[PDB]
Structure formats: C-alpha cells, structure tokens
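This text opens with one protein chain seen in two forms, each one given by itself as structure tokens under the names structure 1 and structure 2.
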Structure 1
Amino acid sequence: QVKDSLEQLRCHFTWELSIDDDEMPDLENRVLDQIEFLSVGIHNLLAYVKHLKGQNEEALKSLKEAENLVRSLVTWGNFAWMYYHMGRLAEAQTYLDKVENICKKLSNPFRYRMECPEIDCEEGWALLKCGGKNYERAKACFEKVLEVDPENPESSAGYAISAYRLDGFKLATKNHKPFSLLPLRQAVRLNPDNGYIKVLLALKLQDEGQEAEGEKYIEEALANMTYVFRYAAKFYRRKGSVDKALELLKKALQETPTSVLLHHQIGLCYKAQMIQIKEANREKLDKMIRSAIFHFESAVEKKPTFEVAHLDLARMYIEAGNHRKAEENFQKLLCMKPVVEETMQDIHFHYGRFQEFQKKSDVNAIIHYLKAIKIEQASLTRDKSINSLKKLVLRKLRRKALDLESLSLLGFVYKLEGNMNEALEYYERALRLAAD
C-alpha cells in the first residue's frame, strides 16, 4: 500500500508533467540555465529530470542539495518516490511519515496531500517550465492562490506569466482579447525589482500598440543586475533596432549557449536585416541567410518540437533558393501535430504558397489552402488562405468557366466569407453541371 500512499503526495511524480521524450535535452538545459542565472523548487525539477533519464542516484544528489536551501514537503515527496523506484522502500516510508506529521500538525484534511498556497505555487512553477501543454493547469494553480490572497506577489507573478504565455498561443486569432495586461501590471506592482516581469509587460504593451510605455519598463529592467536580454532583444527587434537586438542576444548567448529561444530570436534578427537590404550587398544578403539558417537549424536541433522555428527554417531555405531543403522541412512540418494547433494553419498556408509560387502548382496550393482553412479557428492566416484560394479558383474559372470543381470551390469560398446567397447560387450552378 506504499504505492497507494505515494500517489497522494504533492510533488513532481504526481503532477502529470507533460514532457515529450524529444524535449528532454532542452528541458534539462533550461533547468540548469535557471540554476545559475536566476531556489529549492528548481532543484526538485532537476531531480525529476535526472530520474526520467535513468539517473536516480544523481537525482537524489539534486534532492539532497535542494534540502540545504512547509515547502519542504515537495522535496520529501520526491525522496519518497525516488527510494521507491530504487527498491529502497524502507526509506520511502520514512519520508511518507515526515509528510504525515506536517499534515497532522497543520490540521490538514488529508493524510499526505498538503493543502496550502505554497504547494500550489510549487505546482504552478513546475508546470510552467515543462511545456505549453501544461500552461492552462499552471494558470489554475496560481489563480487558486490569488482567489484567497489576491495581493500575493508570488502567485501574482506566476498567474501573469502563465496568462501572458497563453495569450501568445492566441496572438493571431481574430478574437484576440489579451487578458494578461492587467495581471502583468499587478505582477510588476507586487514585484518591483523583478525585471523578468517588467520585460513581459513591455512586450505585452508593444503587442497593444503602446510601444512607448513598454520601452520605459525595458530600460528599468536593464538597470538592475540572460532572461532580461533575451526578451528585451525581442522588444528592440520588433521596434526596428535590429542591431541592438543582435547585440543583446549574443551577450545572452554567452551565458546560455543552448537556449533555443535565443537561437530563434537571433535568426529572426538576421531575417529582419535580410529584408532591410532587400528593400534597399549580395555578399551581405547571402551572409545573413547562411547565418539565419544556421541558428534556425540550431534551434530545431536542440528542440525538435519547436514547430515554429522549423517553419522559419523551411521558409528561409526558400529565400536561399534551396528548394530541396525547403521541401524536406515542409514534409516534416506536415507530419507534426503542434500543441498550438492553429500553427498548422501557417504550415499549410506557407506550403500552399510554396506550391503556388516556387512550384507553380495551383493544384497543390489549393489542397493546402483548404487544409489550413479546415482548422476552423478564425485567424489572420486563415483569412489569407481563403483569399489565396479565392484567387486561384478565379484564375481557373477565367479559363474554363464551367469547371465543376472551380464552381464548387468558389461557392465554398463565398460560404466562408459569410455570403450564403452567392454560395447557394454557385453550389446550385455546379449541381446542374453534375446532372449528366
């Protein structure tokens, strides 16, 4: 009945952290980066990471190191689970009792499950670090605390970061009601010296057309002694100061060389510089393309679930005139099932354009514009897909004006546009040709 008891402990072993096998190397790197450049909860996660890679002994060393720095119950729960897997269950029962004693003394309603806001935050931070699939739960953890202690600085920050990252998933949807602006303001108010939270508020203000006010918080963060640099670089890049951003990123890269986020941002800077020259040399343009591919390729190498970086890679190979590699990466993208499923719209859309312009294959452009549209969630890319589809369909009707398929697709377009009368008119016109 030890297993039955261990499953009631609140710790990383029972939090159902969604960690894909391919995300394991990157996760470990991101944890270690946090050890140095950002303290108990972080070593607990590192111990769990070490466990999942078959290094229980080295995991205990991270748990024992975590105990040196009520929040101890998570560390005791990981110990219990650890000794269980190692066959040393006699020691596991000890830490089970240490948890029960604290639960007993605090009038906790459960034998081993400690109900308190400290553990709620512990669960939120772990989830917030192990991938976007957990962000809804992570927000719930911090929101649970703020429901009773609305001015709590820790949960106020965790809630704002979670809400901010969830707004990023929906940044391109048409609804686009960003609910993280005020939570961030409150997070900055209750953590006045936390630059990480200040930069996020600035980026969210930049998202809302308030770039000016956002930059004020950017400078305040740069006044305190990689996380500020990596996110500040994004603010400057999107503002236009691409050279300033590249500088901040290369500095941050010295501290955290394995950061896929930095490599991705770095590539986006070179891409921005490639456009600068284009709108204006050839050795410089080819130089930046070769550098952008290098970093996009480095991000996809370290975190192959980085679907978006994989897409910027395939698109950059097009800029380089390397169609065999663009096709190669697009074929990988087409096999994915992104966490943010809306991303698949952009995959199909940009592959549709690739077919339309590089391959001059309107048949396949139509196929992939439809697949992007088949993800019904309204977005900017879905509108572009409907318009591009409308263009090719109209190009096929100016040749063969009685094409059954083109009359159906056009009537389908009008349906998506909300014009139902013209949709029925073309569907009916097509069904008459079908009568043969």
Structure 2
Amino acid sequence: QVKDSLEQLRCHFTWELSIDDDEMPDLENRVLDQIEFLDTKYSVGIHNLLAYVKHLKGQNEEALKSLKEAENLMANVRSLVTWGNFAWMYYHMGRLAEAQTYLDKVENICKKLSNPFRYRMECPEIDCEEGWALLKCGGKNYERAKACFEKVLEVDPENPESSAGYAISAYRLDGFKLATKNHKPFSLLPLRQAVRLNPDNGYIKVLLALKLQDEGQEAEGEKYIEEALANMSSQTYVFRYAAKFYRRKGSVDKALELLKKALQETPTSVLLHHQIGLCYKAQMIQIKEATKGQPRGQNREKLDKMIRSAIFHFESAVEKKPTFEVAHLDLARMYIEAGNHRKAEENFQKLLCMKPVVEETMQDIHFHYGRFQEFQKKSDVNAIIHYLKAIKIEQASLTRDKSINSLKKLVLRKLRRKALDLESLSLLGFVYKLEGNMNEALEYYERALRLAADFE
C-alpha cells in the first residue's frame, strides 16, 4: 500500500546494512562517540544512523528523538534520508497519515528533476550517505561502501567528501590483505588525493601516515602524525592511529600515553582496548627478550602485571564486541602465556564458530589452535587436524606457510618414532607438495603406496 512507496526510499531502512544483534551495543557506542568527537561538515548522517539503531533496539521514541535532532540541523537534499527514515519510523509505530506526510515531502523534492520521480532520487550526496552508513556498520559492508563513494568519483573525481569515503574504505580493505602475500598499497594514492582535498581533516592524515609506515616511509608518515596531533580535528581518533604508529615504530610507552588519554573521551572503544592490549603484549615481549625467558624478582612482577593488563583489555574488547575475532585470538594467546589453558580453549571454541570477513583470520585461528593442541594439550591428532584446516584455506599467507612448516615438524617427529606409517608418509608427501618440492612429494607418496602393498 504505502509500504511499496517506502521500499522506493533511499535511506537506512532500505540499504540492507549488515548488523548482527551481537554488534549492536558496540555500534551504538561508536555512533555516540562519532557524534561527540568526529569533526565533520554534516552530522546529519550519523544521527540518522543513531535513529536506525534505536529502532532496531526496540526504542522508537528515542529513534524519533534522533530524527528530530537531525532535522533541527537541516546541501538540503540530505534531508531526504531523514524524511525517508521518518516515513519508515511512523509506519512501524502505526501513524500511517504521518508516514504518508513524509513520503509526500520526499516526492515533492524528487520533482527537480528526478528520473525515478517517485521516491528514490539519484545524487552524489545520497550516494555518500549510503557509503558512510555502510562504512560504520562493520567490515562486511565495506566493498559496498567503496562502490558508493567510487560511483560518485566516476562522475566528479575531485569531490572532497567521496574522495575521503573512498580512501577510508580502501585503507580498511587494504587492511584485510596485510596478512596475504603480495598485498599492494591500493589505498596510498587515494589517501594522498583525500588529504589534498580535505586538508583540515586529521582523521584522514593519520591513516595516510599509517599507510606510509606500512610501505616503509616512516619520516613522511611521522610528519602527518605530528601535524594531525597539533590540530583539533578529530583529536580522539588521531590519538588512536597516532598510538598505532608509535607502537609499530617501537615507542610503546608513547603509544600507551596517547591511548590512555583517548580512553577518557571514549571508554567504550574496542579499538582502544584491543590496541592497549597490544601495547602490554609488546612490553611483555620486551621483558621476555631482555631476561632470556627467565625473569625474576621485579622483572617477573612487571611481566605478570602486563600479562594481567593485556588480558584485562582484550577481555574488555570482546565483552563489548563478541564478533571481534582478532581480539579473541590475542586473548586466547595471552591466556596461554599466563598458563590458563581452559580460558585459552574457551576462547578458541568461540573462534571456531565465527564467519570472519577476513578469510585469512580463519587460517590464523586454526594455526594457533593447532599449536595449542600440539604444545599445551599434547594432542597431535588435533594439531594436525587444525594445521590441515588452516592449509586447506586457499589464500597464500605467511600464516599458512607457518602451518605447513608446523605440520612438517610434527610429522618428521612422528616418522622418527615410527617410520612405517601410511598417514605420516602421505602427510610428509603432502607437505613437500605444498612446498613445491615435487620429487620428494612423489617419493613419499610412492613409499606410502609401497608400504600399503607390502602390508597386504
């Protein structure tokens, strides 16, 4: 009825934003933070998104409040997202006259001079608006968000807004491939473009600095960190990426300072907690190296405090975002480090049921579970099961290569207890095949086949 009119509207309700129930507390928290701390030109988008999240929570009057706040801030065409959200709001509540009121407002603006004249309207602004909503709703929406901004840059290649959106989506997709071999810095030129056209935007400067750092250009990146830190623009966000920059440079204490300052503004940020975990992890590794694995007295004291601190923050991260895979894995591994194998295991079992956006993250999950099964749980069969499972995920990566090598070591261990084993001989043949060592691959497979026929 009116419902087919609603389905033509370009707004949050029709954009199929991929939002697990599990990610909802976290998303709302990130929406509130952005509203308070992100320096942008139009804050209408994020309140429209706050509205949608309230609506998914079952709090429609709060959702209405957020739409009224967005309206009170409202080019004018971006109001259309607000109005379409209003239309859906009033529908879902059951104010069919009020919904219709707002549909009619959308239609009247859609007659200057829109092609689908009815409720959809095609302009750069609503494209960007779909981009940013997708870009805030988690990694699975990122290819789509990139395409939205890219659509607009196909037409207007010097659009400052969509150049930003495009460059941030790209940097984050680049992020997913840092673990793959033969990753290319696809976001480096877009970020340079984006900084040129949004010269005041510190958020974009710090990601550029991080990309520069990944490509070995530390000096140039550090200038962007120092610049970004000297401007108000998005102080709290600049703090997070500046901290990441200094940690990867090896100024861990400087990182902590920034992260802890940022935690006052945004206590809830799983990014912060995770990254603060990584600072403590890196300090644990420093002490372990300087004391040759045998810390005593005060050193042991400090190592223990840092293991507790990392666990505290990785725990704080996954409580707030249960689907935060990498944070679960780091927690599993901190638990191993602390001697808590059940806690390790428990985090490993939750990891085994996840569908990561980043396929390589499942390789890491199996690799590290397999090592947990070899060295902590003393179960070779499960090590092998899981090293094989990591190997089976096709993607070339350092971690897959690690799994091949871990399988090799374990099977050569087994063959030196018991050389006449059909599985072990076939496994070692397999490993050699995955190394590209084909003479040996065939030699071990042949031995296994000849072992079979001799046994019969």
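For the two forms, the rigid core is made up of the largest set of C-alpha atoms that agree within 1.5 Å on superposition. For residue numbers, the reference is structure 1: its sequence is counted from 1.
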> Fit the core first: which of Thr305, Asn108, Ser291, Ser241 then shifts its CA by 2 Å or more between structure 1 and structure 2?
Replying inline: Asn108
>> Is the shift of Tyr426 between structure 1 and structure 2 large enough to count as movement, that is, does its C-alpha move by 2 Å or more after the core is superposed?
In response: yes
> When you overlay the rigid core, is the Cα of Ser361 off by 2 Å or more between structure 1 and structure 2?
Replying inline: yes
>> If the two forms are fitted on the core, does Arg398 show a Cα displacement reaching 2 angstroms between structure 1 and structure 2?
In response: yes
>> Superpose the two forms on the rigid core and tell me the Cα shift of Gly352 between structure 1 and structure 2 in angstrom.
In response: 1.1
> Following alignment on the rigid core, what Cα displacement (Å) is computed for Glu417 between structure 1 and structure 2?
Replying inline: 2.1
